[PDB]
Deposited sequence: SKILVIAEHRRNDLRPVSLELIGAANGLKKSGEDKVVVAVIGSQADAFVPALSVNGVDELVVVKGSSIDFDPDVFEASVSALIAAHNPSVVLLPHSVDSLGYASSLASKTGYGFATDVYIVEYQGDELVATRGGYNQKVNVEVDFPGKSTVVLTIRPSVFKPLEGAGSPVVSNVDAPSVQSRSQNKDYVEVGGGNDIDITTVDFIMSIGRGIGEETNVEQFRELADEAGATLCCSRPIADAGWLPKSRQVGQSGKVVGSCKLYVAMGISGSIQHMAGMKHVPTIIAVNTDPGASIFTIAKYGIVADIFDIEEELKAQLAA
């Protein structure tokens, strides 16, 4: 047995989730006799071998492709060929924006067992069982893969712990398949204020309603010493600038010691940017809103009367 991990990197830095999957992998394999192969794909992919060379990796495959960074044609080709050349029982991808661009391609093209954004993984006997969400993280769905020599899972980021230490994979090289990709990467693009890396935050979500309602949570925040922030919808609508979006695609509020989430439900991608704050207060009218399940204190109530009165005592 082998477990195939595929790493992830962008613009020359190895993305942390890579190290998380090795973790996953290692905590999964049934006998320490089983190996864990890790591949890394890119025209300058070499650079990474020092960083990839770490506890848990038995083999490191470096795959020189046509492009520097992710490209769905190149990636599906390479992983297909590694799958062929290693016949893993289980191949693990980071459930990430790159992965979204190819992973389901793989699974479709042959019979592979397939499951995505999985956050618990384990064997029971000779039988792989995986757990992901349902009905908008209102339930867990526990699934299995009858019949499946090989199962491909995309893994949620920040669920699995990486290992401490250095190691010594056998390192190897392949050429990616010769693939004449049907898309071509161009420029990376960015579109003052603060960097919401900072102490105390008040963060509004859809919960608030209408652009006119922001001024009073802007004012609430001014008056507690809080920095106004928000979930994605507020910024999509253009009501606060994209600088103030917490989340998987906005900023991760690293030095936040206090975070009050008002009218934010706690989507997966919001938690991504804030799940590690030590004190999280959540105010929300819907008692089963996911945000409550990582808060320390919860209030169930309208954000509007919690607002005034706060703004009234302060």
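- Unmodelled regions (deposited sequence positions with no C-alpha coordinates, counted from 1) are 192-195, 319-320.
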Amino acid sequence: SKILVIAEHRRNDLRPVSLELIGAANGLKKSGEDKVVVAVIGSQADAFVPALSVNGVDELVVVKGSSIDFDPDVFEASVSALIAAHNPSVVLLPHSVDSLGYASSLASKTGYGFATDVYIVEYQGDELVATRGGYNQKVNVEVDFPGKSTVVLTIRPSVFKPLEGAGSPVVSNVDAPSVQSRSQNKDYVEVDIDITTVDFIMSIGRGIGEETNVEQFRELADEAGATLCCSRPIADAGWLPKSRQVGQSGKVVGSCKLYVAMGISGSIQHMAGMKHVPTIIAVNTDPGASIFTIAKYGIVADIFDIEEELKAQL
From here on, numbers count along this sequence of modelled residues.
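- Checked against the record, the higher mean CA B factor of 252-260 and 29-37 lies with 29-37.
- A summary of the deposited B-factors shows that, of 150-158 and 119-127, the stretch with the larger mean C-alpha value is 119-127.
- When the C-alpha B-factors of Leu93, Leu106, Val171, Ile204 are read from the PDB record, the largest value belongs to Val171.
- Taking the deposited Cα B-factors for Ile193, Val97, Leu82, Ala237, the highest one is held by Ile193.
- Compared with the other modelled residues of the chain, the Cα B-factor recorded for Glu142 ranks in the middle third.
- When the modelled residues of the chain are ordered by their C-alpha B factor, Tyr102 lands in the lowest third.
- Ranked against the other modelled residues of its chain, the C-alpha B-factor of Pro50 as given in the entry falls in the highest third.
- Per the PDB record, residue ranking by Cα B-factor puts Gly167 in the highest third of the chain.
- Split the chain's modelled residues into thirds by C-alpha temperature factor. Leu228 is in the lowest one.
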